[PDB]
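>>> Next input, structure requested:
(chains A, B, C, D, E and F, ligands or ions: 4)
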Amino acid sequence: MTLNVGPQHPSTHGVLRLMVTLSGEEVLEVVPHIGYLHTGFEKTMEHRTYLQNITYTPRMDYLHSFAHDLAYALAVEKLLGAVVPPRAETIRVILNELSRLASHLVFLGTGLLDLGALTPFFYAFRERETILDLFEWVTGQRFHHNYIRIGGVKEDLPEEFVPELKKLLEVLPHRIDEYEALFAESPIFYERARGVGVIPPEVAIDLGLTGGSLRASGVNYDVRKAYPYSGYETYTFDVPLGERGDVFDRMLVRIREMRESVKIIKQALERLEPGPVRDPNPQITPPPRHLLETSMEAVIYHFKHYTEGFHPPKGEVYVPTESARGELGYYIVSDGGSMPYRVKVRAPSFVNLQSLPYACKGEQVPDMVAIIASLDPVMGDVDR
Amino acid sequence: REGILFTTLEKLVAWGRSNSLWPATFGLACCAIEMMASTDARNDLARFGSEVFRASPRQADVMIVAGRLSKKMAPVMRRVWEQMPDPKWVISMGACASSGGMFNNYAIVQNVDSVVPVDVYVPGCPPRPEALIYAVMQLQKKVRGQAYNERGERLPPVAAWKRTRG
Amino acid sequence: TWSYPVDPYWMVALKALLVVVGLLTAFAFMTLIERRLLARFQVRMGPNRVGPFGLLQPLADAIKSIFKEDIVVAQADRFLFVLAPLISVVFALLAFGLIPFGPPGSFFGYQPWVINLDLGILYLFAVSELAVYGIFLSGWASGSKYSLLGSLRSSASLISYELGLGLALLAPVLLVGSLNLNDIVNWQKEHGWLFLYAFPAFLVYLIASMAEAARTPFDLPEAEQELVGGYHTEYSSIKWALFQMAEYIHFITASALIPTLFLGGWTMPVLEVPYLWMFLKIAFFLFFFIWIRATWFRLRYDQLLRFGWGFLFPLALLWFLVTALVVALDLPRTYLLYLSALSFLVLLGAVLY
Amino acid sequence: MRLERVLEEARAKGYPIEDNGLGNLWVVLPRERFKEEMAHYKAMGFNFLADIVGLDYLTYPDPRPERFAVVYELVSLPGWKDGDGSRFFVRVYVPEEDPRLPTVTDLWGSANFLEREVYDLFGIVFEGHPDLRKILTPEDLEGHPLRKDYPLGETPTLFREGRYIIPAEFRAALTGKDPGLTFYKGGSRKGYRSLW
Amino acid sequence: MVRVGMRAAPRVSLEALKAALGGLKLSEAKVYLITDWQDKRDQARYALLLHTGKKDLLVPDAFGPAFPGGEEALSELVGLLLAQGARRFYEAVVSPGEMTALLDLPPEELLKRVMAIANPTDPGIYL
Amino acid sequence: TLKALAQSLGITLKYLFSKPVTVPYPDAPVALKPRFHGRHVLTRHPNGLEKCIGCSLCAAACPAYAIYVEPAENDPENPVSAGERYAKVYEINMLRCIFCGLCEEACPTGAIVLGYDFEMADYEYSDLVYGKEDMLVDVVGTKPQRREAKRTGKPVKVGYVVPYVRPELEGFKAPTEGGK
Ligand SMILES: COc1oc([C@H]2C/C(=C/C(C)=C/c3ccc([N+](=O)[O-])cc3)CO2)c(C)c(=O)c1C
Ligand code: SF4
Ligand code: SF4
Ligand code: SF4
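Numbers count the residues shown, from 1 in each chain, chains lettered A, B, ... in the order given. Ligands and ions are numbered 1, 2, ... in the order given. The structure is reproduced below:
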């Protein structure tokens, strides 16, 4: 039965079309059709100044976006030699792991709701709501926040940010332990997920499945450990792993990821000493807002930086990072001009989707939904 | 019969349709997660009557264009709108849907009023869940005939009633 | 109906009309209360809107449902498309009269119930099959095989547990020896609360009632979240409303039968009020069931079928064999109290390992 | 450890080794030796094939060998059986009027989707592919978007009373071939790099 | 690619397009109604580019309510295109000053640009 | 693991008795941060002169290009801006606007600064181009809100509260946490 599990219907979150070649209640093979969200970042970004593109970057993966902001930022910093202040780096890892907790919350809520129960969507979402407030505190936006900058971050943290963060970091561990107490000793989910989702690590490696679904099959491969970028070299870290790749091990490993990310948030919070906020190089940083009325160089640099932008040298660059869905990176080709020559994005959810016909082959027809929720796609990342 | 032709009954049925607005989600992009968040346990569009959420299009009146409308999805969503009962309303959510948004290119429909008749426009990126509540209230009073535009006109109760389908 | 009188036919028609419109109001307001109780469960709060307490929102829902362009989809069977909701509603409304809400005359003079047939449980079984009938017929009529497979799932699973319903209802009949609910309830008045003797079979009855789309197989299915269900996805204005109405009436009739048959249909040992205790037990089971509605996953109808067929039914027929031994030799009835207490202790203490 | 042996192998055969002072390595193989060399590369222990990035240099200020250029990324995961962590790139130019390339789908299944994208976005047809079908762009879309001679295809912005904007006529930012708004751009707007 | 019709003569443009259309089957063709100012259709002016794949057809800005009988001629035009089996309808939004020079660019450039900028449309907005 | 069903039931019940968590917009004022991205406001100096000098630095740095600025030369008798230049026409298409803060960040005079209104839902594209006199700090409410208050005769109440308004919003009058 080549059944048309269409785009967005029935409840294929992240609009995606499926031709399930399938007779009965088994699953022979699923033929996917994507592109239903193709908006054109790789092309539009070729007509926007480097400063502007920070407005285009978070909106690709709208759940874990600061990884996109950080990947783009770091690649350009390397390309033009920018300096990360220690406080800016600590703040960037704070926002990185916190957006990772938020993306993880949304992923498990969607997975539970996609087939099964509705209740635990809200509780996790409750915490997510709190997290958003924290972001709205510093960036003034829930998500899609345009805060990061090439040198560092836009402006400083408010007085009210840190105590709220402490409140949420003190309440969260019990909350995550509660989710794991509910789910890990699974009543029916045990008979639903432990068997399903055949993930042989060999083919997961062969098809490009980096997004935390591979270490659920027992592969210790994380960019934070393999390629430390934002100071992760300097963190006490437990690296989650799975015994055998299924949906159950995936979800449990991601929950342990959330706890380790909360621990990293606290750890970074403690080591925070006042200081600067962004790379002071005037060629790369606009003049501070106060001496716009004293210095000529200030006005000229502000005018230029905010009409033209800046010109990094000619060259190609690329640096990878670890998002809630795996290895991510921007291939930046710059021709020495105010607008990037090309930006090619390694979309983890894009190739992580090759393992759809494979994983759900021979599995159930309903379980084709649970195995998609467990694959954690963000079709803003795939379609792009 | 269109909910008209009685001084009492048209008020009654407009009351009914306006308060019992049953949204038909079409989750497309990051606007759609701000549409989902309008139902959680802090700010829920689960009060005016929108508790239940008919995923099938044969059963829901409000279709919210929630996210960037990539062209390869334009016709499908079109038929999703044509797969709706006739007493149906469409809200255009976000900047990517209302206008072309910031993505001004070959991949995006630069105004979703092209493919579907829009009832209410709601800017924002994404429009705050509370702006979505304000828009559903806008549409609430619009379908009662309690809506006036800047130019001084009262607006029809149901948009997509004035289009020669084809 | 050995001892029970008969009201005139016009009173039968009047009371049936009362039951139908009361079931309308009841299912509307129970949809409200379930929304609000789920809200209390999942923190969020309910619609303090159009009501205050929501009690004008069913009106908005019903007014929306009508005028909604009741459409007859082309490529669909002209006849069954229209006919199946009426079947699903008719064969849901009836089978509510037999449930006794009091001793005769406690309707302020005439009759608490509607009909008191000699063979009741068979009547319930027969009209219960017809709900699955309307389900899968509507699935076929829609002309969408996506709903056909959902209808087939519904019918298969519901039919498996529907077979199990017979092995459940056998057990108390051996004890009482009558198939009229009033005699059974009066027996439960004498010795007390029939489930005390037959708790295991009681279980497999209760769980069987869960398979009838109540919740937790939840692979009826509904169009949501899975291979879309049948009897919907093609009906717009009232026929979908009729499906929802009949399915909820079946829900509340089953949740009322569960206390009526095994537990104490109103007939309280003390304070003996006709209606209020029945309504309170209905609400008790409803609240536990809503707890379940909020708190548990699906079953995927493969494990559901295996569980019903291999696990529920052999266990139920085993209990039937034990109870039939006891009744045929008739030595005590207390031995059944002892055995059911031991069985519950086993089925409970085996949990906390 | 294996990256050093990759360099010793390729430099011995005279293939240019591209390196920026940032820590990323490019290895350009010719068309013929491409397939066999990269097969040997996978045999050399390269578990992971990360990216296939297609490039159009039509409007690049400095001239380049060929217009289109496809870059694959070969990696060996550090936490797997015997993982050095060796990751590197392979660039292979493809002529303007000869958009050919043999696939490595048979070696890594990851090139199933990725190469299709480069066939979707660029005019590059991948040889030996199981299915070369348009992935992202609409089925009726004519052309290959990401090549510079293909329009971005913008729509004006709208205002009250005849007041409009044509963004491509509005942009103050300069590309590489844009001479600038003055007679020219020199100094720090022709390329600037801080010395840490 | 042919250019039939004339600016600001809706009825003559419509009759010449009637004649030049003939019995041409539009099952896989594309109709691009090019205009300016997305939102305001009450005062809109329209061009048409018909991309059949085997030869293409041009109509200058002569339809729409901005001209006397452009609204009725555009309604008849969309009805005519729909009668012949057209399903894929598009709208292009250009700057007013473009509309004039876009009919004088070579066919490949004009047509490429139009196909890249096209918006799927519901013909009900023109009927 | 039958115990897990019971544990799930028990925790769901415990939350059942836990009544509070929600905020009921519009009946309860939405708690916003002082840095929130809302409707733009044009601020004025103490002299009353407007801060905007019509320099179109907001429009160029806009990734959607939604900002329109026609300039003009001040009249020495009754000047509008501080310098020799003011903004005759200042339009922002909220259907193009993506709420970055790039116009706020690039404004050298501090004139254009985002406010807090989100209640700008309207029916018509052509009406969602908010103009100069549609964003001044002096104005209290959004376009549909002001039209409703006019066709209704009932004054405007914004449905949000913030702990305080920023110093960049000098003159921005709004409800502050309940001080009034
Ligand atoms: C699922 O996650 C996601 O969704 C979407 C789209 C689809 C969608 C579906 C449903 C079913 C919402 C829904 C939720 C709850 C209810 N309810 O009644 O509770 C009703 C409807 C909403 O956005 C996108 C785009 C996404 O990228 C991710 C990760
Ligand atoms: S308006 Fe913003 S939030 Fe909404 S779809 Fe567009 S980019 Fe996403
Ligand atoms: S906030 Fe951004 S999109 Fe909005 S007007 Fe300012 S610069 Fe443009
Ligand atoms: S708002 Fe500010 S940036 Fe824009 S033109 Fe006025 S003074 Fe310049």
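
>>> anything in stretch B:154-166 near chain F?
Yes. Counting by CB under 8 Å from any CB of the partner chain, chain F has neighbours in stretch B:154-166: residue B:155. Just so you know, the C-beta spots here come from the backbone N, C-alpha and C atoms, and that holds for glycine as well.

>>> can you list the residues that contact that stretch?
The contact list for stretch B:154-166, computed with CB atoms under 8 Å, 6 or more residues apart in numbering or on different chains, reads B:3, B:14, B:81, B:87-90, B:116-119, B:142-145, B:147-149, E:82, E:122-125, E:127, F:123.

>>> and that stretch, which residues are buried?
The neighbour-count criterion (16 or more other CB atoms under 10 Å in any protein chain shown) identifies B:155, B:157, B:158, B:159, B:160 as the buried residues of stretch B:154-166.

>>> how about these in TSV, adding secondary structure?
Rendered in TSV, the data for those read as follows (DSSP: H, G, I helix; E, B strand; the rest coil):
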residue	secondary structure
B:155	coil
B:157	coil
B:158	coil
B:159	coil
B:160	coil
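
>>> and the spatially most central residue of chain E, which of the three is it?
To find the centre residue of chain E, average its C-alpha atoms and take the closest one (CA atoms, centre = their mean): that gives residue E:48, at 1.6 Å. Residue E:48 carries the three-state label strand when classified by three-state DSSP.

>>> Checking my notes, residue E:26 in a helix, right?
No. The assignment for residue E:26 by three-state DSSP gives coil, which leaves it out of any helix.

>>> what about the residue lying farthest from the centre of chain D, helix or strand, and which?
Distance from the centre of chain D peaks at residue D:161, with 44.1 Å (CA atoms, centre = their mean). Assigned by DSSP states H and E, residue D:161 belongs to no helix or strand.

>>> and it, what does it touch?
Contact partners of residue D:161, counting by CB under 8 Å, 6+ apart, are absent.

>>> Now it: phi and psi?
phi -130, psi 90 (degrees, to the nearest 10).

>>> Look up how far residue F:66 lies from it.
In this view, residue D:161 and residue F:66 are 16 Å apart by CB to CB, to the nearest Å.

>>> again with residue D:37
Spatial separation of residue D:37 from residue F:66 under the definition CB to CB is 51 Å.

>>> If you count surrounding residues, which of those two has more?
In this comparison of residue D:37 against residue F:66, neighbours counted by other CB atoms under 10 Å in any protein chain shown, the higher total goes to residue F:66 at 27 against 19.

>>> was I right about that one contacting residue F:92?
Yes. With the criterion set as CB atoms under 8 Å, residue F:66 and residue F:92 qualify as a contacting pair; they are 5.5 Å apart.

>>> Which of the contacts of stretch B:154-166 fall in helices?
In helices, judged by DSSP state H, the following of the contacts of stretch B:154-166 are found: B:14, B:81, B:142, B:143, E:82.

>>> For the second one, list the residues it contacts.
Going back to what we said before, that points to residue B:81. Residue B:81 makes contact with B:57, B:63, B:88, B:90, B:115, B:116, B:160 under the criterion CB under 8 Å, 6+ apart.

>>> OK, now which residue of chain D is nearest to chain C?
At 23.3 Å from chain C, residue D:139 is the closest residue in chain D, using CB to the nearest CB.

>>> ugh, wrong one, the stretch 1-150 of chain A
Closest point on the stretch 1-150 of chain A to chain C, by CB to the nearest CB, is residue A:116, at 3.9 Å.

>>> now do chain E
Among the residues of chain E, residue E:124 lies nearest to chain C; the distance is 17.5 Å by CB to the nearest CB.

>>> Could you say which helix or strand holds residue A:30?
Using DSSP H and E, residue A:30 falls within strand A:29-33.

>>> Could you do residue A:181 as well?
With the criterion set as DSSP H and E, the secondary-structure element containing residue A:181 is helix A:161-184.

>>> quick one on the thing from earlier: what's the burial count for the residue of chain E closest to chain C?
The number of residues packed around residue E:124, counting by other CB under 10 Å, is 14.

>>> how about the nearest residue to it, chain neighbours excluded?
Leaving aside its chain neighbours, residue E:124 sits nearest to residue B:163 (3.7 Å; criterion: CB to CB, 6 or more residues apart in numbering or on different chains).

>>> does that neighbour sit in a helix, a strand or a coil?
coil.

>>> Return the distance of it relative to residue E:14.
Distance of residue B:163 to residue E:14, given as CB to CB: 22 Å.

>>> ok, now residue C:313?
Between residue C:313 and residue E:14 the distance, using CB to CB, works out to 75 Å.

>>> residues near residue 20, how many?
Just going to use chain A. 20.

>>> could you do chain D instead?
Other residues near residue D:20 number 14, with proximity taken as other CB under 10 Å.

>>> Could you pull up phi and psi at the closest residue to residue D:163 other than its chain neighbours?
Leaving aside its chain neighbours, residue D:163 sits nearest to residue F:68 (5.6 Å; criterion: CB to CB, 6+ apart). With angles defined as degrees, to the nearest 10, residue F:68 sits at phi -120, psi 130.
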